[PDB]
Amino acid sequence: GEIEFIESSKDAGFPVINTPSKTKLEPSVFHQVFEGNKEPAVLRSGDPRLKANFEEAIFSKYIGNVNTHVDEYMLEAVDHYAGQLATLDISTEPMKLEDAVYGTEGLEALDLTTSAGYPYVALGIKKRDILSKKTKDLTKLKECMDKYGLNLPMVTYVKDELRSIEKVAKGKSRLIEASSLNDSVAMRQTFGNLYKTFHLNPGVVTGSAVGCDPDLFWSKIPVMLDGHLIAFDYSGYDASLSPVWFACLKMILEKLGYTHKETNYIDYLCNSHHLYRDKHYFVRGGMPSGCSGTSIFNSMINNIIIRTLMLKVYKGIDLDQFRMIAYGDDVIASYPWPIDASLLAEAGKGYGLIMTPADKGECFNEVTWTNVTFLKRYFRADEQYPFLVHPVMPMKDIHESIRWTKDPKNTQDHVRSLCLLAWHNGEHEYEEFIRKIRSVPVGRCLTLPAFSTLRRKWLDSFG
């Protein structure tokens, strides 16, 4: 991913965008009860906490592009993954407009809670001014799409979230790319059935975890990944993708039955157009996180990428024994014979990908069921029923969440949600967590689920 050109939005016939400068995150009543290393991400150039240039920091992810062609490794990779997806019977027929907007099995309706993007954001128009779930009206929508058309610039916002102290100082905040309502709809029309099929089939045939429920899915993963484990991290995956990977995606979509008309949509992903504050800029390469389908297309590409690197590095290898599950850039995999991830990373580098040891380790170590994570969660066999596996989110990450709030009105819901994450750590850890919550006046006012209840509900989930 690379920024090709920047101009003033005025020059390009676009208004300056009002972009929020202040966090919603405030310290909670629990801020001093627990330890934590994270604060709200820098959102503006005049943050007291900066030790670096902010705008320089947030755009540094566009590391550049490699200019290479779709080589023989990619081709075989695409053919192999296309071979799996053919079993699923993905329809390339457009999704009915009502389903695409207001939801159908395997595909939830648009989010009317979120901004409608350009041009609406500068017209003072909201998604709910245009759509309504109670009524399912398409009238007003078709009119806005005919009026403003397709391929609108995406609007860049800084993501309001917790980040480590280090990333605060270095101004390393994350960016999101708001997709225009029109383009979201158009995307969902064209690729909705693929979206649905993926959401209905998390596992090793889609090669995707999108649509999984970790409480249930974790027990299935070791059965599907029965070989020697493969795992590693990427740095700035999305922004690091060079156009050649998008060429790969277009090719696999074609093998699924898609027409050049439809794979043309990917061109507007790869070669994208953005508004940030008062600037209009064009990016070549990079998945613009926030466009419709970012999760699924990122996962599909991840599936191409890993196969490619395997075939490049181990010439001769049999992919039919290979298994992988991606969520965007997050990946867990297995092969019956050992694989040196550090070599895959070196091949990665040549393709413009930055691959590091899993979970920010500093050497590419053996990946074990003991130390492998996925969706920030460890794997732990139940002591009683060893075929059931606990998704174990680190108490320290749970601690980071509880120390902040965007609205103390939500304290009950917030803490209860964390309890459903925490209990998988064990009765002892849970109770300690419950105690510290009760060690403070607001804590003693909350209704908190008992361990035994959580365990019972979970066990019941498998019946």
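Each residue number is its position in the shown sequence, starting from 1.
- The question of which stretch, 397-405 or 53-61, has the higher mean Cα B factor is settled in favour of 53-61.
- Checked against the record, the higher mean CA B factor of 31-39 and 412-420 lies with 31-39.
- Highest CA B-factor among the listed residues (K133, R323, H274, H199): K133.
- Between the residues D267, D330, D238, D99, the entry's highest C-alpha temperature factor is the one at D99.
- In the deposited entry, the Cα temperature factor of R307 places it in the middle third of its chain's modelled residues.
- In this PDB entry, the Cα temperature factor of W337 sits in the top third of its chain's modelled residues, the highest group.
- Remark: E383 belongs to the highest third of its chain, ranked by C-alpha B-factor as recorded.
- Per the deposited record, the Cα B-factor of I296 falls in the lowest third when ranked against the other modelled residues of its chain.
- Among the modelled residues of its chain, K376 has a C-alpha B-factor that falls in the lowest third according to the deposited record.
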